[PDB]
Amino acid sequence: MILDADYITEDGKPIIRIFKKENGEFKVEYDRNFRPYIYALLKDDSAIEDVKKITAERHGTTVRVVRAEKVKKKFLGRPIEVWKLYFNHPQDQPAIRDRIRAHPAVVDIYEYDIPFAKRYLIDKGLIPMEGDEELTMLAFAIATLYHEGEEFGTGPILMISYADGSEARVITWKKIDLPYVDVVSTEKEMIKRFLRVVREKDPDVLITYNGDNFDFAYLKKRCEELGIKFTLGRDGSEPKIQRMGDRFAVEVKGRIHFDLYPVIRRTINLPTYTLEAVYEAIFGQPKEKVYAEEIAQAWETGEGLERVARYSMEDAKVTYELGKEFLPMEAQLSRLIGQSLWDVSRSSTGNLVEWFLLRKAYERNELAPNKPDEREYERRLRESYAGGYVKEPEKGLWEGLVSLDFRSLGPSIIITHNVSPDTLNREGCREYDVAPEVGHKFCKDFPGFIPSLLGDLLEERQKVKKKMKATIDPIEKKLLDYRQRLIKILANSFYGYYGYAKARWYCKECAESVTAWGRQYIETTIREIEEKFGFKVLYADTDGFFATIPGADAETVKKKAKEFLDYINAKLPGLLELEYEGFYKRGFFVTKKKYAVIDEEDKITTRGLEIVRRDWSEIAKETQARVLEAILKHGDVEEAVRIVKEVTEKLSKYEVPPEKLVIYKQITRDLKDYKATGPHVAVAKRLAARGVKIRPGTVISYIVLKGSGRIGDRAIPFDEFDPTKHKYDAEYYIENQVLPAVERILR
DNA sequence: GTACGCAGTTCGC
């Protein structure tokens, strides 16, 4: 099983290193024959002699094209003839590619921004994490005395805890008598002992939580000032710190540094992403937070250091357990994308689709288009189109509801109608499909690049779902469930890709055609069920709707829907099909995107209401949840009223716990690009002045204190809140938080 | 930083 791959340099030549694990043994395979390359579209083949003689001078060494090779590829389905230009080293590619482009005989270059390691895995057909190997994992965390804005690595690390499946220990240079605490003499010996532990355990995966931007980086900085060789790699090497724009990333050669933080942000929606919120989300019980204000007073006084030693041990153990749950899912994603677990776990959906498309492009001799230049990127950002159909719901309570949704509407449309930039308005075909309203035509004579890819994807999902039915191993069934679910997410994101401004295969006309077809298909089904089958559709959004027959009994509502399923699915073309979501006793549709609906087993499903939003305080969510749980399940408005009158009196009496009053809002940009101040924006400026890290994506936790005027003039971060000196704005959380949320349901 | 559709709160003016 392939874990990772990079390249070293030997006698000036690159040698790919394939880090493997076979039969429980670490191995490293070496490939010395692979070379970097770009593609060049030449005006005349005769100009290749002048193009070879294009030279650059990097590192004081004259760099040149080492091999020119003319190849025939397809560019948006059309055969193209380009020159494959090879270089000696991947590092001199960025220095010479601009001069190759600048040649007047070169129309353009292609595939010039693909890293050497990822180029190798693609061109060789190598899929990481494929195989039957159990990976050994070790989690670790550190406890420091670092201050916000206090450089980085200047404060000493106090504690280093680690945890695997066999133990969880704390290493420290402070006298603590706990049986899991190993007291060393110096901070240096604490770090060195940690290095031996990792070396002795030799784990395939090092698990951290936010280790890319703190724990690992701080460890490297402390080892720098203290003069310690931070040897962690299986090749005797130090972890490497790279930059990802607003973010840093730490890589440990020979192992996989699995930072859980970028994975949780992209997999789970949470109000905040502290290790304790995460723990309380995936696992049942909570965690006993230990704040940096206590860790300083615990060193100073020396007392209570047992507590922080326990919290350091709990962080490591919780990090390991969360890692053991999320690593299998991310392993399946790396297999699907075909890139390393290290890179897959830290990249966005758009980047995962790019790597997948680039691989599939290689398999089909499809030359990849370049990412847009500045003007084109901006043009794509300034461009939009119409999307899904959202029916204004029949607002109120309704009884006896059936839900019918399309199966992968986007991918079904793209495959059925061959929606692809290589088929759009393609000339000379015998068969065409025309997108409604927008009128774009798509050639059906030959499979387009993307539609053919989606067909293989939806195929593969059926093959995985089939095995998942007829397999015994509950772990294997789960791993397969990960795969088929990942295939569905990957496929369904392909519609929006066509409108992604950074996409190589960007096609606004294609994206326009998917939504236009989807709008036609849903409105046609909604009309058919209301015409021929006497149904009344209540709520409808994009690919699905909620319908019923007024007055009809619960059973005949079901049996008449199944009747409509076989009717509409016959006339439906291609892979377009309607499925049966489920029957639900009652359902209140407050407004567009805002509804809730109760199944037969008395478990409410909630969508769009303030209950699920993170920018609403828990006191408002809980009350709305309890209020909605009344009218939906117990139908009691009088109780619902007693709940509102209840929670208002606790707030006015200042008895509701302040933690139920924090609002979680995200910073989405540089604080200076904001053209309108808000509560969370003003709190962010205070933290920015305090030295606190303030970047796009930082969740702001703040409370509104009592007073009058701008909410932002009365808002402070929660870590600055103190009931002994602060008084919270109860009136605000009554009039602007609790009362508006409960009003929507009662109205 | 896959897309657009959409509700609802804060704030300037």
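Convention: sequence-line order gives letters A, B, ...; per-chain numbering from 1.
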Phosphate-side-chain proximity, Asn736(A) and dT10(B), N/O vs OP1/OP2 below 4.0 Å:
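Yes, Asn736(A) has a side-chain N/O under 4.0 Å of OP1/OP2 on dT10(B).
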
Any side-chain N or O of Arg519(A) under 4.0 Å from OP1/OP2 of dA3(B)?
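Looking at the OP1 and OP2 atoms of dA3(B), neither is under 4.0 Å from any side-chain N or O of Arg519(A).
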
Under 4.0 angstrom, heavy atoms only, what part of the nucleic acid is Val353(A) near: base, sugar-phosphate, or nothing?
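The answer is nothing, as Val353(A) stays clear of every strand by at least 4.0 Å.
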
Between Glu392(A) and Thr515(A), which is nearer to the 5' end of DNA chain B once each is assigned its nearest nucleotide?
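Nearer the 5' end of the strand: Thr515(A).
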
Does the structure place the NZ or CZ of [X] under 6.0 Å from the centre of the six-membered ring of [Y], at an angle of no more than 45° from the ring's axis?
X: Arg346(A); Y: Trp342(A); value: yes
X: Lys360(A); Y: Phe449(A); value: no
X: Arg607(A); Y: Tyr595(A); value: no

Can you tell me which nucleotide in [options] comes closest to the side chain of [X]?
X: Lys593(A); options: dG1(B), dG5(B), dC11(B); result: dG5(B)
X: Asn351(A); options: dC4(B), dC6(B), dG1(B); result: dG1(B)
X: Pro679(A); options: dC11(B), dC6(B), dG5(B); result: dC11(B)

Nearest whole angstrom, please: distance from the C1' of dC4(B) to the NZ of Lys508(A).
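One finds 13 Å between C1' of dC4(B) and NZ of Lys508(A), rounded.
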
Nucleotide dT2(B), atom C1' - distance to OH of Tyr377(A) in whole Å:
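Distance, rounded to whole Å: 12 Å.
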
Neighbour count >12 (heavy atoms, 6.0 Å) for atom NZ, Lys488(A)
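At most 12 heavy atoms, drawn from other residues, nucleotides or ligands, come within 6.0 Å of this atom.
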
